[PDB]
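Next come the chains, spelled out residue by residue.
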Amino acid sequence: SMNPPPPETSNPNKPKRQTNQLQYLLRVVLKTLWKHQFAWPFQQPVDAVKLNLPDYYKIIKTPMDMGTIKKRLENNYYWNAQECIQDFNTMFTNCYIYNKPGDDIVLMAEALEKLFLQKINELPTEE
Ligand SMILES: CCOC(=O)CNC(=O)CN(Cc1ccc2nc(-c3cc(C)c(=O)n(C)c3)n(CC3CCOCC3)c2c1)C(=O)c1ccc(N=[N+]=N)cc1
């Protein structure tokens, strides 16, 4: 069950630019989900080797996790909020299409996604 290289988390030739939305995504959205009791399965890429999941990276074409998202926000990898929101959505979608609906991991994803969507509802104006 081989692990792919983790997604890129630094862009060596992108200018450093804050926005109200990117500040919000790091300091409100990521920080709130990261400290949640159910965060830990999402804080790093799925280690298919350690968890013995030979089919995980066969089924999941676009791997994503909050560890990667946190590093991307800290490294100012995202040009805008929408790329970051897409990464959260991909992470949740991966969980829902791979794991059985009645799994603990899916209830954990649903709790984090509820919190995510509530915070995105109050996303600052594009400015
Ligand atoms: C000899 C080989 O033995 C092993 O496999 C050892 N590997 C270990 O350490 C495994 N763990 C910890 C661990 C860390 C991160 C994970 N991330 C996931 C996970 C999977 C899948 C498909 C997925 O889609 N996403 C997004 C994440 N899982 C699976 C679980 C499946 C159940 O629900 C919660 C996620 C993780 C597992 C544990 O065993 C462990 C879990 C909870 C504990 N709490 N207590 N008390 C204590 C330990």
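Notes on the structure in this doc start here. (Residues numbered from 1 in each chain as written, not as in the entry; some residues may be left out. Heavy atoms only, no water.)

### Quick word on the site of the ligand
Inclusion rule: Note on terminology: near, applied to a residue and a molecule or strand, indicates that one of the residue's heavy atoms is within 4 Å of it. N or O atoms closer than or at 3.5 Å make up a polar contact, with two conditions inside protein: a donor-capable atom paired with an acceptor-capable one, and, for residues adjacent in sequence, both atoms drawn from side chains. Here the Shrake-Rupley method, with its probe set to 1.4 Å, supplies the accessible areas, and only the displayed protein chains count as covering residues. Residues were grouped as follows: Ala, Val, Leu, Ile, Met, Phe, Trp, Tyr, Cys and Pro as nonpolar; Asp, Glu, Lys and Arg as charged; and all remaining residues, including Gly, as polar.
Near the ligand, the surroundings consist of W40, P41, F42, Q44, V46, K50, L51, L53, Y56, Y98, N99 and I105. Within the backbone of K50, a nitrogen or oxygen atom sits 3.0 Å from an oxygen atom of the ligand. One of the side-chain N or O atoms of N99 is found 3.0 Å from an oxygen atom in the ligand. In the complex, 43% of the free accessible area of the ligand, which totals 970 Å², lies under the protein chains. A breakdown of the residues in the shell around the ligand according to their chemical character gives nine nonpolar, two polar and one charged.

### Some points on the side chain of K14
The following threshold applies: Here a strand is any run of E in DSSP of at least two residues, a helix any run of H or I of at least four, and the numbering for each starts at the N terminus. Using a 1.4 Å probe on the protein chains alone, a residue whose accessible area is under 20% of its type maximum counts as buried, one over 50% counts as exposed, and one in between counts as partly exposed. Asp and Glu count as negative and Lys and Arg as positive, but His and the ends of the chain are not part of the count. Put simply, a salt bridge is a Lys or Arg side-chain nitrogen that is within 4 Å of an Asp or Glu carboxyl oxygen. By definition, residues are in contact when any of their heavy atoms lie within 4.5 Å.
One can find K14 in the segment before helix 1 (20–34). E83 provides the closest opposite charge to the buried, salt-bridge-free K14, at an N-O distance of 7.3 Å. Among the polar contacts listed, one links the side chain of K14 to the backbone oxygen of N76, at a separation of 2.7 Å. Apart from the residues lying within four places of it in its own chain, the contact partners of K14 are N76, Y77, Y78 and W79.

### Observations regarding the packing of aromatic side chains
Quick note on the threshold: Aromatic pairing here means that ring centres of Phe, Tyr or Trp (its six-membered ring) are within 6.5 Å. Orientation follows from the plane angle: under 30 degrees is stacked, over 60 is edge-to-face, and everything else is tilted. The rule is short: NZ of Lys or CZ of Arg within 6 Å of the ring centre and within 35 degrees of the ring normal puts a charge over the ring.
Applying the stated criterion across every chain, the model contains five aromatic pairs. Note on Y56 and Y98: the rings are 4.8 Å apart at their centroids and 65° apart in plane angle, and the pair reads as edge-to-face. Here the residue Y56 occupies a position in helix 3 (residues 56–59), and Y98 occupies one in helix 5 (residues 81–98), the gap between them amounting to 42 residues. Chaining the aromatic ring pairs together yields one cluster made of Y56, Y57 and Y98. When the ring centre of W79 is taken as origin, the NZ or CZ atom of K14, which lies over that ring, is 5.2 Å away. One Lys or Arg, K70, reaches over the ring of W34 and ends 5.5 Å from the middle of that ring.

### Some details on the packing of helix 1 against helix 4 (residues 66–74)
As a reminder of what qualifies: Angles run from 0 to 180 degrees between N-to-C directions of axes, and those axes are lines fitted to C-alpha atoms, restricted for helices to the stretch in contact. Should an angle fall under 35 degrees it is taken as roughly parallel, and over 145 as roughly antiparallel, whereas 65 to 115 is taken as roughly perpendicular and any remaining angle as oblique. Definitions for this section: a left-handed crossing has its near helix turned counterclockwise from the far helix by less than a right angle. A right-handed crossing has that turn clockwise.
One can describe the packing of helix 1 onto helix 4 by two numbers: an axis separation of 10 Å at closest approach and a directional angle of 150°. Relative to helix 4, helix 1 is oriented roughly antiparallel. Where helix 1 crosses over helix 4, the two elements pack in a sense that is left-handed. Residues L22, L25, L26, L30, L33 and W34 of helix 1 pack against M66, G67, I69, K70 and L73 of helix 4. Considering only residue class, the contact of helix 1 with helix 4 consists of nine nonpolar, one polar and one charged.

### Things to note about unusual backbone geometry
Unlike most non-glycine residues, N52 shows phi in positive territory, near 55°. Its place among the elements puts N52 in the loop between helix 2 (48–51) and helix 3. Here the phi dihedral of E127 falls at roughly 65°; this positive angle occurs in a residue that is not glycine. Topologically, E127 is positioned in the segment after helix 6 (104–121).

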